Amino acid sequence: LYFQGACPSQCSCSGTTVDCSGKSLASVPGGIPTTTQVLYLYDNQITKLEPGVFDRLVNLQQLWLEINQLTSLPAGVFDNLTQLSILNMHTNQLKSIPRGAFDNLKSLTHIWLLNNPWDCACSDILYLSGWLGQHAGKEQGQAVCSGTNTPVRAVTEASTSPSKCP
């Protein structure tokens, strides 16, 4: 009902892989084993992440969050994922990334950010645009600014304003 062995009942588990994809999930399942190295959460209906949801998953090598409805990220949500190399967040509802969100991800090599409505008129975009400028090779596809098609990487501080942040 909640657990089939140690695997969350809504997910399918094999080895150190936990597959919760395509299960119409509204939130991240509880009880994901701490040995998990690969976590699939794509193609669900997750609208937010609770702070610390990934804090115990120190062994994660891949995190697949694409095809959801995420509208923001909690501060620090990736800080403990130092082995993380793959972080996929395309096709969500993100407008910006919290300052320093990727600071701790020293093993990151592939990140997907395209197909999100990045709000580049608002100065909150500036962490991501600067980060993209310094880590250009990691992005798969091209995150683009909403309503102008201008890649996020090209954002200048002159183009932004704090007053255009709804």
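When you see a residue number, it is the position in the sequence shown, counting from 1.
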Problem set entry | Average Cα temperature factor in the PDB entry - higher stretch of 71-79, 84-92 | 71-79
Exercise. 20-28 versus 150-158: which one carries the higher mean Cα B factor per the record?
Worked result: 150-158
Problem set entry | Residue, from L39, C120, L108, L114, that the PDB entry assigns the highest Cα B-factor | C120
Problem set entry | Record-listed C-alpha B factor of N59: chain third | middle
Problem set entry | Record-listed C-alpha B factor of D43: chain third | middle
Seminar exercise, completed: So, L65's CA B-factor, relative to its chain, sits in which third? The lowest
Seminar exercise, completed: Split the chain's modelled residues into thirds by Cα B-factor; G52 lands in the highest
For this session: Relative to the other modelled residues of the same chain, rank the CA B-factor of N104 and answer lowest, middle or highest third.
Result: lowest
